[PDB]
Amino acid sequence: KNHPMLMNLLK
Amino acid sequence: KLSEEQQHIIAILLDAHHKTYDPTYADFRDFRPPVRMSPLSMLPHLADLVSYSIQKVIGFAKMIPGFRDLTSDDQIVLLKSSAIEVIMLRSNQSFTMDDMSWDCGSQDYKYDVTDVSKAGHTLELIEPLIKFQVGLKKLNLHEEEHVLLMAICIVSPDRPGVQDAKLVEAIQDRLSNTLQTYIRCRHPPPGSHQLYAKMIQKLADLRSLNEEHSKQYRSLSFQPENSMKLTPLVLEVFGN
Ligand SMILES: C=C1[C@H](O)CC(=C/C=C2\CCC[C@]3(C)[C@@H]([C@@H](C)/C=C/C[C@@H](O)C[C@]45C[C@H]6C[C@H](C[C@H](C6)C4)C5)CC[C@@H]23)C[C@H]1O
């Protein structure tokens, strides 16, 4: 689904 | 019989928790104001309570020994499916069996059955959620057991969508055997009695609540006028 903000909070 | 690795793991998770759970709940001000008067009057505030808790949970997950060795895609799957469960678990800290409410600071940020009700989830969820809170409370976990359980929940192999489930399992196992062992060395009887099995059972109660929650989420969110009251992070995490 490509999760921008979750991805950003994990990095 | 707690190895030095295992004391390490518990050190990390206590600190990880402390860094991501402010027990003065001071940020609850940046949340849209709560409203108890009342057609889904609570939805904006608690939507913001959840979105925030999502952030804090992610912040706890990243520090989980081993979580980093996972792929970004697996990290995604695990967080997306545990988020609400870990929120139910960590919420136990503010929940009190005095009046069956989550007491965060006070009144204006003290939440209760009718409050929760007023945000768009029925009693098909709330009743068993409270039950859950009562049973988890009564185990009186050591805080070390608290944070180990939250981490174990996040790092679950069987979550749909997982790729390297095998390496997921190894990170969880390390945490499990850490919990099993801690309970033996540090949890005195009678509190110790079958404590692990009673904790693993809370994980199953959590799946059921989640399933109920994911169903009633699809309900609120099919009405755009409701979907429009949420935050973007909540939209993204609870599937959009
Ligand atoms: C810092 C803390 C911890 O993070 C948790 C905490 C309190 C934790 C609490 C008490 C209040 C109710 C909470 C959050 C339950 C939740 C499932 C039910 C929510 C009602 C629902 O209608 C609202 C939704 C509806 C859609 C869209 C949007 C997002 C979701 C899905 C929720 C708004 C679970 C834990 C409960 C305070 C403090 O301990």
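Protein chains get the first letters and strands the later ones, always in sequence-line order, with residue 1 at the start of each. Heavy atoms only: backbone and side chains are in, while hydrogens, waters and symmetry mates are out. Both counts, for ligands and for their atoms, begin at 1 and track the order of listing.
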Distance under 4.0 Å to a non-hydrogen atom of [X]: what atoms of ligand 1 satisfy this?
X	answer
B/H213	17 (C), 30 (C), 31 (C)
B/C104	37 (C), 38 (C)
B/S53	3 (C), 4 (O)
B/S94	37 (C), 38 (C), 39 (O)
B/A119	20 (C), 21 (C), 22 (O), 23 (C)
B/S91	5 (C), 6 (C), 7 (C), 8 (C), 39 (O)
B/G120	22 (O)
B/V116	11 (C), 12 (C)

Considering non-hydrogen atoms of the protein only, which is the closest contact for [atom], and what is the distance?
atom	result
atom 14 (C) of ligand 1	B/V50 CG2, 3.8 Å
atom 24 (C) of ligand 1	B/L43 CD1, 4.4 Å
atom 16 (C) of ligand 1	B/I84 CD1, 4.5 Å
atom 26 (C) of ligand 1	B/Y217 CD1, 3.6 Å
atom 18 (C) of ligand 1	B/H121 CD2, 3.8 Å
atom 15 (C) of ligand 1	B/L129 CD2, 3.9 Å

Quiz item: Would you say ligand 1 has an N or O under 3.5 Å from any N or O of B/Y52?
Solution: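 So ligand 1 has no N or O lying under 3.5 Å from an N or O of B/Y52.
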Quiz item: Hey, does B/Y21 sit under 4.0 Å from ligand 1 if you only count heavy atoms?
Solution: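 The answer is yes, since B/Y21 has a heavy atom less than 4.0 Å from ligand 1.
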Quiz item: Going by heavy atoms, is B/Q93 under 4.0 Å from ligand 1?
Solution: no
Counting only heavy atoms not in [X] (residues, nucleotides, ligands), do more than 12 fall under 6.0 Å from its [atom1]?
X	atom1	value
B/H8	NE2	no
B/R32	CZ	yes
B/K138	NZ	no

Quiz prompt | All side chain to side chain donor-acceptor pair (under 3.5 Å) counterparts of B/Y52, not counting sequence neighbours | solution =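 Only B/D27 meet the side chain to side chain donor-acceptor pair (under 3.5 Å) criterion with B/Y52.
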Exercise. Taking salt bridge (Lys or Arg N to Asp or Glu O under 4.0 Å) as the test, write out the residues that go with B/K202, two or more places apart.
Key: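 Scan of B/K202 (salt bridge (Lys or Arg N to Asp or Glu O under 4.0 Å), adjacent residues dropped) gives B/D205.
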Quiz item: Atom SG of B/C153 and atom CD of B/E85: how far apart are they, to the nearest 0.5 Å?
Solution: 4.5 Å
Using a strict cut-off of less than 4.0 Å between a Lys/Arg side-chain nitrogen and an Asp/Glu carboxylate oxygen, indicate whether [X] and [Y] qualify as a salt bridge.
X	Y	answer
B/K80	B/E236	no
B/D99	B/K110	yes
B/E211	B/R207	no

Quiz item: For ligand 1, does B/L230 get within less than 4.0 Å through its side chain, its backbone, both, or neither, judged by non-hydrogen atoms?
Solution: side chain
Quiz item: At a non-hydrogen distance cut-off of under 4.0 Å, which region of B/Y25 contacts ligand 1 (side chain, backbone, both, or neither)?
Solution: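 Side chain only; the backbone of B/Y25 stays clear of ligand 1.
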Exercise. Just say parallel, tilted or perpendicular for the rings of B/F28 and B/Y25, cut-offs at 30° and 60°.
Key: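 Ring orientation of B/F28 relative to B/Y25: perpendicular.
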Self-check item: Ring-ring centroid check B/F238 B/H213, cutoff 6.0 Å
Solution: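 Under 6.0 Å, so yes.
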Quiz item: When the ring centroid of B/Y111 is compared with that of B/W102, is the distance short of 6.0 Å?
Solution: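 Aromatic pair excluded; centres sit 6.0 Å or further apart.
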